[PDB]
Amino acid sequence: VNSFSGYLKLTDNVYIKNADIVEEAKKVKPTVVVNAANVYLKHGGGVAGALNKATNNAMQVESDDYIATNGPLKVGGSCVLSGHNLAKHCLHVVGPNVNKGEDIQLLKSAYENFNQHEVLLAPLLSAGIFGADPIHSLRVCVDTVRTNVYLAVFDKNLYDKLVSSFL
Ligand SMILES: OC1(CNc2ncnc3[nH]ccc23)CCCCC1
Ligand SMILES: [Cl-]
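Taking the deposited numbering, the leading residue of the sequence shown gets 3, the next gets one more, and so forth.
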């Protein structure tokens, strides 16, 4: 039993809700919140900009030190950093950016990072401002993630579409 409330069960291990991941994080304080990161950990907009704003820019300050030490992430890769006031940890995961010509096959690699964590609050990677179809992101999620994932979908219209077309 966990404290996620109001989620629609989609499969054995995937749950979904129309919500802002920032608000879900502030209410639940999960062990792991997933950020829809880019390779430079520049949290300007979308999920990343919203999460970083909620940390009063502490996420960005920590991220800049991470990059200065380690260099950029790989597309499909991830790193674990602090969750600040939103979660214990933030798993920064880089899905491919369709607008940059990046390989959508890397979306599966991106979701594989979730399997290193027993329970996560997460967005549909590569969707939103990253350019991919959220319906596709959801199918890759369900077919790749084996740990327990709670998805927060920001847009009500797309959520209803994601639910309606699922089975
Ligand atoms: O959910 C997405 C990605 N974008 C966000 N998701 C959750 N919470 C958020 N807070 C700010 C942005 C944001 C991907 C699926 C279709 C709708 C948009
Ligand atoms: Cl977005």
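Think of the CB as a built atom: it goes at the ideal place given N, C-alpha and C, for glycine as much as any other residue.
Express the C-alpha separation of residue j and residue i in angstroms, rounding to a whole number.
i	j	result
residue 56	residue 22	12 Å
residue 150	residue 67	30 Å
residue 141	residue 125	13 Å
residue 136	residue 98	13 Å
residue 72	residue 42	10 Å
residue 166	residue 93	29 Å
residue 50	residue 162	23 Å
residue 79	residue 110	11 Å
residue 26	residue 103	31 Å
residue 81	residue 116	11 Å
residue 123	residue 105	25 Å
residue 164	residue 70	38 Å
residue 9	residue 160	16 Å
residue 145	residue 61	30 Å
Pick out whichever of the options has its Cα sitting closest to the Cα of residue i.
i	options	result
residue 4	32, 110 and 81	32
residue 107	92, 88, 139 and 82	139
residue 48	65, 24, 91 and 165	24
residue 90	14, 155, 20 and 28	28
residue 154	10, 11 and 18	18
residue 30	6, 93, 44 and 82	6
residue 119	152, 157 and 54	152
residue 157	20, 52, 12 and 9	20
residue 14	164, 127 and 121	121
My understanding is that residue i touches residue j, with C-beta atoms under 8 Å, so please give their C-beta distance in whole angstroms.
i	j	result
residue 63	residue 113	Going by Cβ atoms, the distance from residue 63 to residue 113 rounds to 28 Å, so no, they are not a contact pair.
residue 76	residue 96	7 Å
residue 16	residue 143	6 Å
residue 86	residue 65	Going by Cβ atoms, the distance from residue 86 to residue 65 rounds to 11 Å, so no, they are not a contact pair.
residue 88	residue 53	7 Å
Exercise answer, beta-carbon shell around ligand 2 heavy atoms below 5 Å: 48, 130 and 131
Within the chosen definition, does the stretch 32–42 reach the stretch 124–138 through at least 3 CB pairs nearer than 8 Å? yes
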